[PDB]
There are 2 protein chains.
Amino acid sequence: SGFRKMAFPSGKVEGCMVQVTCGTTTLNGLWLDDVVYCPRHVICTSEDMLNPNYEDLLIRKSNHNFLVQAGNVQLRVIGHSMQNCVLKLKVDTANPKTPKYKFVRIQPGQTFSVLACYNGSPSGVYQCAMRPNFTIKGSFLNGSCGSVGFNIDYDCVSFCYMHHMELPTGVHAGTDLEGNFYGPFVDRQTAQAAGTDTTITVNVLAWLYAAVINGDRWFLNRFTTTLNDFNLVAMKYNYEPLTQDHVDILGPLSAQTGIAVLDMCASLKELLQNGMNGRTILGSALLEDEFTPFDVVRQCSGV
Amino acid sequence: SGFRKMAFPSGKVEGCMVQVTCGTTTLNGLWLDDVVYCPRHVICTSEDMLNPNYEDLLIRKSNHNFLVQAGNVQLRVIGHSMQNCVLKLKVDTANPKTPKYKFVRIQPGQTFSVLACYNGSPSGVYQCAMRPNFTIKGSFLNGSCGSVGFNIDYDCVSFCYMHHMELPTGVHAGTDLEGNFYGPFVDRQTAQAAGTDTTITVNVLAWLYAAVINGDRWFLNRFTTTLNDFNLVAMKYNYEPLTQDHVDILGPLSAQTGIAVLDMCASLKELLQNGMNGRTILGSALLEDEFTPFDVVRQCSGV
Ligand SMILES: CNC(=O)[C@@H](Cc1ccc(Cl)cc1)N(C)C(=O)C[C@H]1CCCN1C(=O)c1cncc2ccccc12
Ligand SMILES: CNC(=O)[C@@H](Cc1ccc(Cl)cc1)N(C)C(=O)C[C@H]1CCCN1C(=O)c1cncc2ccccc12
């Protein structure tokens, strides 16, 4: 029993984290085989972070300008390349701790574990979701750039996020490991701001199924709704549309609890219209949207 | 910016986890130097879990009855000992991945990271608090026994919890690594139940300081209170008494925000008497009590 924000064990990623220093700037890099991946903004001075030309800044650098440290061990840079918003530093040593890995780009509404790192040293691990507006509600301070987000499938680390920057509302923006930003954000100081966000409806429904599996049933009702009528309510409360594909993804949790998806939709409609009336679900007084159907199945009992 | 339930990186503990099998029962063990620590209830059949005599059950066992596996590698048991509610299995191989470690017992209100394990394989990491009633609101299924709780200070793993059992309300009970239960619980099937619980007042105040550091200020007021008058309100709402020692522990967060502790106590009194009026603090619609002052300083900006 119980239900927590549960990260993947971080060991396989801790062994890949390094310190990257260029001039006065230090941040984190990801060391896989003989390549160190880090945010390209490591090559910026400070005054030129308003409108940098990164192609001009990189051509002015040589391998010796980059200091890479795996704990105490110095990794000599033998090549440098820009790929979109990431730097690829070829090093003389293949990481002996390189896990089986993939670079995957995630969808808004998908979750991942973040290993927050400072000076190439892991400090903590937490769960995050990619918001519909392509921001993440992370926990990051000065020096956290190059911290990575990941999922683990069997022995294989699927890297999905590298941390680049903070937006004015205190939410975070970054790239996939191919250096392509999530969302309409750029790696320079502008007036850029998080767009309007919505609540991830399929995740709220997954979390109500987690609650039922864990014995919170007070929000259940005899009523059902149509998908169309539910989506009218979703639109009114700034919730994402629910698709038939979402209804199918909730099939296993529906089967396990014996609560039809459209019956659970009727419960969510009542929670949106009425609130909780001072009650809680899985120790929350609000409708939680950062657990996927996968996260619920991963963590919850099979009975 | 931001504020998450942040666990310690789990790598140092992942390398210590093993599978322990005795007859038909499999659970997890902790492999440090040449000793594997696990719950003594691994030696129970099933019928005799109502009123086991563990001294009688253990004297009937030999080293060959215990199968210990570190992944694929078989660890031959060369000795067995009972220490309170834990079994100490001496093995022929010292764990080459043994971190610097201590066995520490924690206080109610203290937090720790849990590495949830099944069949000696880590599945996930999350933050927990020791409740005032000496239960933990964990997330554990069949086979999770021997999962451990820990804190990390520099390079040193402070092990504080081993998982033994679930109580009827779905909360969890276990021991320190010397095998001494937290709270009035026993490792056998009885009618035992979690005692009445209270809210950890010093942690709620730490979390309000985290909110102010992160720019949630709506709950602040010009008012102050006395420690005595606050503690009358605390008693009414089933909150733990606040001591002068707690006020001193909140000194650094008070200094950083410029909000006197007794001013923050006046804010908490108003939140208890009025509620939030449909507003949120650090993305919660309730008063969070599983962040210590240490957790807030560990995670939050120093400015
Ligand atoms: C409100 N912040 C901003 O608007 C933007 C502006 C900007 C955008 C893109 C670039 Cl490339 C540079 C500047 N700023 C200042 C950052 O993102 C700081 C980032 C990028 C440069 C290092 N850096 C960080 O170490 C950093 C990362 N995570 C959270 C933080 C919280 C506190 C302090 C620093 C951080
Ligand atoms: C409601 N549960 C109970 O009352 C008690 C009774 C009891 C107390 C002490 C002992 Cl030594 C044995 C039985 N039970 C059945 C457990 O704690 C199960 C524990 C102890 C024996 C294995 N075990 C688990 O693998 C287990 C652990 N964590 C959460 C679980 C959730 C689901 C299933 C199993 C677990």
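Quick note on labels: first sequence line is chain A, next is B, and so on, each numbered from 1. Because only heavy atoms are used, hydrogens play no part in the values below, and waters and symmetry mates are left out as well, while side chains stay in.
The candidate with the highest count of non-hydrogen atom pairs below 4.5 Å against chain A, out of B:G2, B:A116, B:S144, B:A7, is B:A7. In terms of non-hydrogen atom pairs under 4.5 Å with chain A, the most contact-rich of B:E14, B:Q127, B:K137, B:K5 is B:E14. Ranked by heavy-atom pairs under 4.5 Å with chain A, the first of B:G278, B:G170, B:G124 is B:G124. Residue with the most contacts toward chain B among A:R4, A:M276, A:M6: A:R4 (heavy-atom pairs, distance under 4.5 Å).
Contacts between residues 189-199 of chain B and chain A, counted as heavy-atom pairs separated by less than 4.5 Å, involve no residue at all. Identified by a heavy-atom distance below 4.5 Å to chain B, the contributing residues of residues 159-169 of chain A are A:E166, in residue-number order. Against chain A, the residues from residues 285-303 of chain B that qualify, each with a non-hydrogen atom under 4.5 angstrom away, are B:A285, B:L286, B:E290, B:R298, B:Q299, B:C300, B:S301 in number order.
With sequence neighbours left out, the side-chain contact (heavy atoms from CB on, under 4.5 Å) criterion links B:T26 to B:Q19, B:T21, B:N119.
Here the CD1-OG distance, from B:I152 to A:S123, works out to 11.0 Å after rounding to the nearest 0.5 Å.
Counting heavy-atom neighbours within 6.0 Å of B:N274 CG, excluding the residue itself, gives a total above 12. Heavy-atom neighbours of A:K269 NZ from other residues, nucleotides or ligands within 6.0 Å: above the threshold of 12.
With a threshold of 4.5 angstrom between heavy atoms, A:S113 does not approach chain B through any atom at all.
Residues A:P9 and B:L115 form a side-chain contact, since some pair of their non-hydrogen atoms from C-beta on lies under 4.5 Å apart.
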